[PDB]
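Given as structure tokens, the chain that follows is alone and in the form deposited in one PDB entry.
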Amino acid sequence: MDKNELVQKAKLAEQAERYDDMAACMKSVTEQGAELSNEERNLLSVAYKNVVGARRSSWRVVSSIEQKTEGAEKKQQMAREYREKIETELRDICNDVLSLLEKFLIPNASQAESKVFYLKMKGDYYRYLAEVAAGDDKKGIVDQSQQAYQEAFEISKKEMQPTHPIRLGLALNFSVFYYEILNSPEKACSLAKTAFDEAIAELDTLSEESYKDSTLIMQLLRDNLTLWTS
């Protein structure tokens, strides 16, 4: 129950690819109430990204099998029930992250960078809920994702330089929300193109600590652009 010890256990878990352990450690760190440092923020992000990503991946495989099984009642009933089991796991995970974001991380974010990071995370995890929502709940979840992104977007355009890795990543995921969730390729493309072009024009502003993430995100922006236009 010491902060630095739980963080070290978290990086041990990460090296062992035991991401449930790593996520449980940094939930414990977050629950101690203090604002997270950049390192702890990153370990909380990587942990839960891996925990939720396995379920997302499993969900897509089982969903596709249950789509292709339309004529065999007993097999479709089993694929459906398994997909819903994975779905419940995925929702509990997102709801876990989103609870930490509202109870601890967003209200404690002192500086714009922290605030934009946690609002990006809030949009990301509602987006994962949107990927699996249907009907009644889907409308409200999609809007929650959108409103989180938009606040992060506005704050980042006013306070962060265009090569800041968080601003770029926010643009990258927000564009994907417009493409895949809101079905608006126009806005997705323009929002990614703008972010790439304003970054490309100021590469003298890259620091050694952040140029690797910034240039990777830029490449991903352009790859999304190449995919969406063809």
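Residue numbers here begin at 1 and follow the sequence given. Between two forms, the rigid core is the largest collection of C-alphas that superpose within 1.5 Å.
Undergrad: Of the other PDB entries for this protein whose models extend past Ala72 on both sides, does at least a third leave it without coordinates?
TA: That residue is missing from at least a third of the other compared entries.
Undergrad: Taking the other PDB entries of this protein that cover both neighbours, check whether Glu208 lacks coordinates in at least a third of them.
TA: Yes; at least one third of the other entries leave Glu208 out.
Undergrad: Higher average CA B factor in the deposited record is what I'm after, so tell me if that's 136-144 or 119-127.
TA: The stretch with the larger mean CA B-factor is 136-144.
Undergrad: Name the higher of the two by mean Cα B-factor in the PDB entry, 202-210 versus 20-28.
TA: Comparing 202-210 with 20-28, the higher average CA B-factor belongs to 202-210.
Undergrad: Using the entry's values, work out which of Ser45, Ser37, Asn173, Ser63 has the largest Cα B factor.
TA: The listed residue with the largest C-alpha B-factor is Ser63.
Undergrad: Per the entry's Cα B factor values, which of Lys49, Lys68, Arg41, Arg56 stands out as the maximum?
TA: Highest CA B-factor of the listed options: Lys68.
Undergrad: Using the B-factor values recorded in the entry, state whether the Cα atom of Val97 falls in the lowest, middle or highest third among the modelled residues of its chain.
TA: Lowest third.
Undergrad: Quick one: classify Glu151 as lowest, middle or highest third of the chain based on its Cα B-factor.
TA: Ranked within chain, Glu151 CA B lands in the highest tercile.
Undergrad: Please rank the C-alpha B-factors of the chain's modelled residues and tell me whether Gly33 sits in the lowest, middle or highest third.
TA: Highest third - that is where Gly33 ends up once the chain's C-alpha B-factors are sorted.
Undergrad: Per the entry's values, where does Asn224 land by CA temperature factor relative to the rest of its chain, in the lowest, middle or highest third?
TA: Within its chain, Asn224 is a middle-third residue by C-alpha B-factor, going by the deposited values.
Undergrad: So where's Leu168 on the chain's Cα temperature factor ranking, which third?
TA: According to the entry, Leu168 has a C-alpha B-factor in the chain's lowest third.
If you look for the form deposited in another entry, you will not find it shown, but the lines that follow are about it.
Undergrad: Rigid core as reference, CA moved 2 Å or more between the shown form and the other one - which of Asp143, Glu102, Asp92, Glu73?
TA: That would be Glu73.
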